[PDB]
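The figures here come from the full heavy-atom set of this structure, side chains too, leaving out hydrogens, waters and symmetry mates. Chain naming here is simple, since letters A, B, ... match the order of the sequence lines and numbering starts at 1 in each.
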Amino acid sequence: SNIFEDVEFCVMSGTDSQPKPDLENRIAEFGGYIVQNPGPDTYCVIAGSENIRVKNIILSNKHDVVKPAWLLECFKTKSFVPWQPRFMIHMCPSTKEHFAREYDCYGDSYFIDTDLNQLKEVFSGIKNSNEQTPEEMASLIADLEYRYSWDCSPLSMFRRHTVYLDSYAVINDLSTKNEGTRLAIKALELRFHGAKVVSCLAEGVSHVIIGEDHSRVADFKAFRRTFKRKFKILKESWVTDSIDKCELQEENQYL
Amino acid sequence: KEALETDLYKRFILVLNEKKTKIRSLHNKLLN
Amino acid sequence: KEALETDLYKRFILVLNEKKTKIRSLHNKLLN
Amino acid sequence: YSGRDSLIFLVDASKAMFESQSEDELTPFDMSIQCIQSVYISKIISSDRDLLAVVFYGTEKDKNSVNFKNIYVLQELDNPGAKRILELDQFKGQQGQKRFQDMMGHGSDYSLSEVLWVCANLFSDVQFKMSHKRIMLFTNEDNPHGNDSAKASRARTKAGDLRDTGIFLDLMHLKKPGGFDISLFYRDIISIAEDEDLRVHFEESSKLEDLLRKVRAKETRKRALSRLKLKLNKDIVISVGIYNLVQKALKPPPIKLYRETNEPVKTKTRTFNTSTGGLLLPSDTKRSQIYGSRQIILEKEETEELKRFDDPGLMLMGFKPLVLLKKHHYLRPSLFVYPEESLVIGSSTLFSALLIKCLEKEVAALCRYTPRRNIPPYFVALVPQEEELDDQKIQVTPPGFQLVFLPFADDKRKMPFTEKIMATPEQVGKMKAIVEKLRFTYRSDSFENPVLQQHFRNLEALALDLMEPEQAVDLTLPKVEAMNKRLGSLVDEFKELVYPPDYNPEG
Amino acid sequence: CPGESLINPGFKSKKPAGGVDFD
DNA sequence: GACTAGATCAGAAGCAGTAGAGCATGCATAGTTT
C-alpha cells in the first residue's frame, strides 16, 4: 500500500479536525518524505488555514499550496488524483501556465462536463460586480432567452410583455397614487412574475390593465390614437387565467 | 421561488455542456 | 426573487462569455 | 537582587465570574485570561528565564501533588513559551468558556487554605534560586467564606504563614454587580493594605491596565562590565566599578536550522593546505603585510604582543576645567564609574571627597584607561555626576563619575573649506518664529526602535500563528500634517525672503 | 515604592513613548 | 560501622560585551580606452 514514492510534502495546517500529527504519520507510513519548511525539492505545501505562513508563501510565487482535502481524497481512493483549482489556494507560475491551458481562469474546465455541485463551486468563486445597468441587463436577458429557444420558462413568461396599470388618478403623476386593493397586489404579482411595470406612460408601453373603473377607458382610447403603436385593454380574468394555467392566454378573448 | 433556482441551475448546465462539447469537437478536429 | 435571478444570470453570462472567448481563440488557432 | 522571579496566577472558577453585566462587555474570566496572556508575552520578550504558573480553584476536577479537591493546577512553574500561550488561548471566547467548563467545571466549593497550600507546594518544588515569590488573585468575591468562620481562620493562618515565608500576595479584584469591599475579608490576606484601598470599588482594579500594557523591550539586571583600579599614583590605589547606563539594543542572534526537520545544525570552520590537504591549527600559519614592495612576516604571538602597553585600569594624569571639554568631540558612548568597597576598603571615602571637590571646583579628572589586557590605552575624562531625584524622590541621576572618551589626532578628519554667508536679521527672526512654532519637550524615553518592535511583533505572530502581524506605529516619522497646520503661512514668507523666484530646491 | 513594575519586580515602570507632542 | 540525609566550596556553563575579519550590498569618485 505504497502509492507515493520519494515525494516531499510540507504541512502547516492549523485549526482543523485533522491536526498535523495524524497527516504527518499517515504520510510517513505512505512512503512520503515530510519536511517542516518548503524548498526547491518539495512539490506541494498543505495548509487548511489562512495563517501568516501561507500568506508569505503566496506572496512568493515559487510554490503550490493545496488544501488538506486533496490528501484526504488521495487516501480515500488509494491512488494519485490529479490536482485541481478546487484543491488549491495558490499556484506558482509554472502551475498557472499549466492550468491556464485546459482550465479557464475561474475554477471551470472546457474538457470535462460539469454537474450541479461543480457549477455551484464555480459560481462561489465569482464575486458580485456592478458594471451593468437595469435596462441593458434586461435586454441581454431577453436576447439570451430568445437565442436558445429559451422562452419556455414559467417565471419568465412575461419577459417581453410590459404592462401599465391604471392605479393613478392622473397619468404621468406620481403624487396621485391610489389605494387599490386588488389592483396594487395584481400589479405586484405581475412584476414578480417577470412582467415590467412602468409608473410613467411612455412610448415603450405594450399592454394596459384597467380595473373595475370604466371611466378611464375613453382617456386611454384617446391617448393610444396619438401613440405610434396602440396597446390593448384587458380585464382581470386574463391575468388570473394565465397564472392558473401557467401559460399565456389569448388577448382576443379578454380584449 | 425555491424551485426557481434549481430550474436556473439545471438550465445553465446544459448550455455550458453544449459549449464544452463544441470545444471538444474542435479539439478533436485539431488533433490531426 | 428579482435579486436572485439577476445575480444568477450575471454569473452565467460571464461564464458563457469566457467560454465563447475560448472557442474563438481555438477557432483562430485552427485557422492556421 | 539575585535569582529568578516566580509568579502564580490564581483564577477563580466560580459561577459569578462567568456572568457578564452587559451584553457588550468582557466577563471577568476572559479579562483574567487576557491579562495572563499579556504577562506571558511580556515575560517572553523581556525576561525569558523567569518562571510562571497558572492555577484554578473552585472547579470540579483536581490536579495537584497533594491531591486536594477542587484545585486544578493547569501549569506548574516553568519558563514561558508559545505552547502555554496557545493552551490558554482555548479559553478566550465563549466557546473557550464552554471548553473550560467541560474540561474542569465550575460552581463547586473551595477552601482558600488548600489553595495557599498548593501554591506553597508549587513554590517549594522549584530548584532554582527565587529572588521573588508572588501570587495574584483574580476574583470578584469579597466574602469567599461567609457561612463558615473556621475556614476563614484557616485561610488567615495560611496567608500569614505564607507572608512569613516570603511570598507576596496581590488582589486583582474584578468588577462585581454589588461592589468589591476589601475591608470584609481580604484586608488580612493581602500582603499590603493601602490606605486608599479601603473604599468600595465599583470597577476593576487599576493594576489590570498596567498588566494589559505590553512591554516589548528587554530588561537586563544590574551588572558591572569591569572592576578596575584607579591609581592616583604608584602607591595610592582605589577600586572602582564600570557600568554602561546606555547600551545599544540588537536583535537576538539568528540560529541556523535544518530545512527538513528544523533541527539545529553546528557550524565549523577549518583551514587546510592547498598543495598537501592537511589541516593546520591557528599556530602553524604566520602573518604578513606588504610595505615598501616587501613582505614582513610576524608570528601570531608577536602580533598580539604589539598591543601591550600597560596593565588594565585607570591611571590619573591631572585635572582639567570642564570648559575645555567639547560636546562635538564625541567618540564613543560614555560609561559610569562607581565606588567598589569589596576589593579595597576606604575607596568610598576618597571617591566621595574627589567627587565633592570636583563639583565644587568644576573640574574633570583626566585619566589613561585600559579596559582589558593587551588593549592600547585611551585618554578619558571623568566628569563628576551629582545625585538628582525627581518629584517622587525616585532617583533619576545616580552619583558617581561619567567616563567620556577623548579623540586622538587620528580620529579627526579635515573639512572642505567653505565660504561663510550670513543671514540678515529679518530671516533669522522668521526662522526664530518657525522654531518657536515647532517647539516641544524632549525626553530620553520618548522614542522606540521601529525595527526591533516590528521584529518582535512578527516573531510573536509566527509563534502564535496569528492571522496577521500587529503593526507598530512609528513615532519617529515627522508629523507633516500637524507641522503644516501649525506653521501656517510662515513657510511661504521665509521662502520668499530667502529664495530667488526661480530656485526649485527639489531639482 | 510607587511606580514599581508589576510584570518585572525590581525594575521601575516605564511610561509609554509619546513621540512628539507640540506645546 | 554503615547508611542516609543535611550543609559548604570550587570549577564549568551561560551570558554579556568587545574586537577582528570577511562578505555582500550600495554608492560615489576618478583613470583609461575608443
Side-chain angles (χ1 to χ4, degrees), chain D residues 1-5 43-51 78-81 124-131 217-228 240-256 264 266-272 274 280-291 296-314 330-338 340 342 368-380 402-408 410-411 413-418 449 451-452, chain E residues 8 10-11:
Chain D
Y1 279 36
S2 45
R4 314 180 168 201
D5 153 34
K43 284 278 173 173
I44 271 174
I45 299 291
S46 76
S47 34
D48 55 342
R49 58 178 269 134
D50 259 7
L51 306 149
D78 198 6
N79 292 350
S124 94
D125 302 301
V126 152
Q127 272 294 300
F128 315 111
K129 198 194 318 208
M130 296 169 319
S131 61
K218 174 160 198 243
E219 226 74 38
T220 279
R221 283 269 187 88
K222 186 168 133 187
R223 206 191 89 169
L225 282 173
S226 266
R227 295 210 309 280
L228 310 175
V240 290
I242 282 145
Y243 310 82
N244 52 5
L245 301 193
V246 71
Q247 180 69 39
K248 196 153 158 301
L250 318 152
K251 291 192 332 191
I255 301 151
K256 295 267 164 79
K266 73 189 156 182
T267 171
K268 74 222 291 183
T269 191
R270 63 206 172 177
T271 326
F272 61 94
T274 298
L280 307 177
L281 49 137
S283 203
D284 186 316
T285 44
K286 303 230 175 112
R287 304 279 176 279
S288 145
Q289 241 171 2
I290 288 178
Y291 272 102
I296 315 178
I297 308 298
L298 261 54
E299 303 163 12
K300 179 114 177 303
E301 311 101 61
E302 282 160 345
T303 294
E304 282 138 335
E305 260 206 340
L306 293 185
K307 309 176 190 166
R308 171 167 295 289
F309 277 86
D310 51 326
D311 312 310
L314 288 144
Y330 170 89
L331 184 99
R332 184 191 271 231
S334 313
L335 291 155
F336 189 60
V337 184
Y338 194 76
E340 200 92 27
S342 87
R368 215 158 68 202
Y369 177 55
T370 319
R372 295 167 302 277
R373 323 205 297 267
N374 295 321
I375 304 292
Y378 243 93
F379 277 111
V380 297
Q402 195 211 142
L403 183 144
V404 307
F405 293 74
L406 301 172
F408 273 121
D410 314 70
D411 296 342
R413 303 205 161 175
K414 204 204 165 297
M415 311 297 328
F417 153 77
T418 85
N449 195 340
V451 182
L452 255 62
Chain E
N8 287 306
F11 294 95

Practice task
Quick one: list whatever passes side chain to side chain donor-acceptor pair (under 3.5 Å) with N374(D), sequence neighbours left out.
Solution key: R308(D)

Exercise for the section: Let me know which of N244(D), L250(D), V246(D) forms a side chain to side chain contact (heavy atoms under 4.5 Å, CB included) with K248(D). Expected result: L250(D)

Exercise for the section: Grab the CG-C1' distance between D48(D) and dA16(F) for me, whole Å please. Expected result: 14 Å

Exercise for the section: To the nearest Å, give me how far apart OH (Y243(D)) and P (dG17(F)) are. Expected result: 14 Å

Which pairs would a plain distance check flag for residues 218-228 of chain D, meaning a side-chain donor or acceptor within less than 3.5 Å of a matching protein atom at least two apart in sequence or in another chain?
from	atom 1	to	atom 2	distance (Å)
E219(D)	OE2	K14(E)	NZ	3.3
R221(D)	NH1	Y1(D)	O	2.9

Practice task
Write out the stems for DNA chain F, ordered by first number and formatted as range with range, counting runs of at least 3 consecutive Watson-Crick or G-U wobble pairs under 3.5 Å.
Solution key: none

Handout entry: Length of the line joining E219(D):CD and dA16(F):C1', which is rounded to integer Å
Key = 16 Å

Practice task
Mind calculating the distance between CG (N79(D)) and P (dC15(F)) to the nearest angstrom?
Solution key: 11 Å

Practice task
Please identify each residue that fulfils salt bridge (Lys or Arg N to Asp or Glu O under 4.0 Å) with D5(D), with sequence neighbours left out.
Solution key: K43(D), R134(D)

Problem - Sugar half of pseudorotation for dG20(F) [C1'-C2'-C3'-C4' sign: + north, - south] - result: south

Problem - Partners meeting side-chain contact (heavy atoms from CB on, under 4.5 Å) with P377(D) (sequence neighbours left out) - result: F309(D), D310(D), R368(D), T370(D)

Problem - Spacing between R223(D) atom CZ and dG17(F) atom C1', to the nearest angstrom - result: 7 Å

Handout entry: Within 6.0 Å of OH in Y338(D), more than 12 heavy atoms from elsewhere
Key = no

Problem - Atom-to-atom span, CG of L225(D) to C1' of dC15(F) - whole angstrom - result: 13 Å

Completion exercise
Hits for side-chain contact (heavy atoms from CB on, under 4.5 Å) against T418(D), two or more places apart or cross-chain, chain-then-number order -> none

Handout entry: Qualifying residues under side-chain contact (heavy atoms from CB on, under 4.5 Å), relative to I297(D), sequence neighbours excluded
Key = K286(D), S288(D), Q295(D)

Completion exercise
Contacts of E302(D) meeting salt bridge (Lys or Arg N to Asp or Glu O under 4.0 Å) (sequence neighbours excluded), chain-then-number -> none

Exercise for the section: Round to the nearest Å and state the distance from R4(D) atom CZ to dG14(F) atom P. Expected result: 13 Å

Practice task
Find the distance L331(D):CG to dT18(F):P and express it as a whole number of Å.
Solution key: 14 Å

Practice task
Look at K218(D) and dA16(F) and indicate whether a side-chain polar atom (N or O) is within less than 4.0 Å of OP1 or OP2.
Solution key: yes

Exercise for the section: Under the side chain to side chain donor-acceptor pair (under 3.5 Å) rule, collect the residues that match up with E305(D), sequence neighbours excluded. Expected result: none

I'd like a table of atom pairs between the protein and nucleotides 8-13 of chain F - only N or O on both sides, under 3.5 Å - with the distance next to each one.
none

Practice task
Mind checking side-chain contact (heavy atoms from CB on, under 4.5 Å) for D78(D) and listing every partner two or more places apart, or none if nothing turns up?
Solution key: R84(D)

Sub-3.5 Å pairs of nitrogen or oxygen atoms, protein against nucleotides 19-26 of chain F:
from	atom 1	to	atom 2	distance (Å)
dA19(F)	OP1	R332(D)	NH2	3.0
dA19(F)	OP2	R332(D)	NH2	3.0

